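Trainee: Fold the following.
(2 chains)
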Amino acid sequence: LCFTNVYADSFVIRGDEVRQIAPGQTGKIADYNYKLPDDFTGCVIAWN
Amino acid sequence: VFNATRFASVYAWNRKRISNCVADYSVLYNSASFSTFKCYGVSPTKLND
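Mentor: Numbers count the residues shown, from 1 in each chain, chains lettered A, B, ... in the order given. See the structure here:
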């Protein structure tokens, strides 16, 4: 596969809040720090 | 309900009737203490509406 534009967004969070990074989710990260679009095309990657 | 000194044993699980009162589920849902908060016929964001 090929990609037309690509952007990697980098940040650090509490491990409980990893769920809030999925599209359409809600809570302090998803509400006031970093929101994905509902039709997000892309991947979310996290490591301890 | 959430801040009693002791809870029931599951075999004899308690049932309290919540009535004639205003409910603010944002105080519950924003509280990071709840390791599960799963809703089955409403979305948690809609509980306030």
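Trainee: In contact with the nearest residue to residue B:29 once chain neighbours are set aside, which residues?
Mentor: Counting by C-beta to C-beta, 6 or more residues apart in numbering or on different chains, residue B:44 is the residue found nearest to residue B:29 once chain neighbours are left out, at 4.9 Å. Placement of C-beta: from N, CA and C, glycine included. Applying C-beta atoms under 8 Å, 6 or more residues apart in numbering or on different chains, we find residue B:44 in contact with A:26, B:25, B:29, B:37.
Trainee: switch the cut-off to 7 Å
Mentor: Contacts for residue B:44 (C-beta atoms under 7 Å, 6 or more residues apart in numbering or on different chains) come out as B:25, B:29, B:37.
Trainee: Check residue B:25 too.
Mentor: For residue B:25, the contact set (C-beta under 7 Å, 6+ apart) comprises B:44, B:47-48.
Trainee: if you set the cut-off to 6 Å instead, what comes out?
Mentor: B:47-48 (C-beta atoms under 6 Å, 6 or more residues apart in numbering or on different chains).
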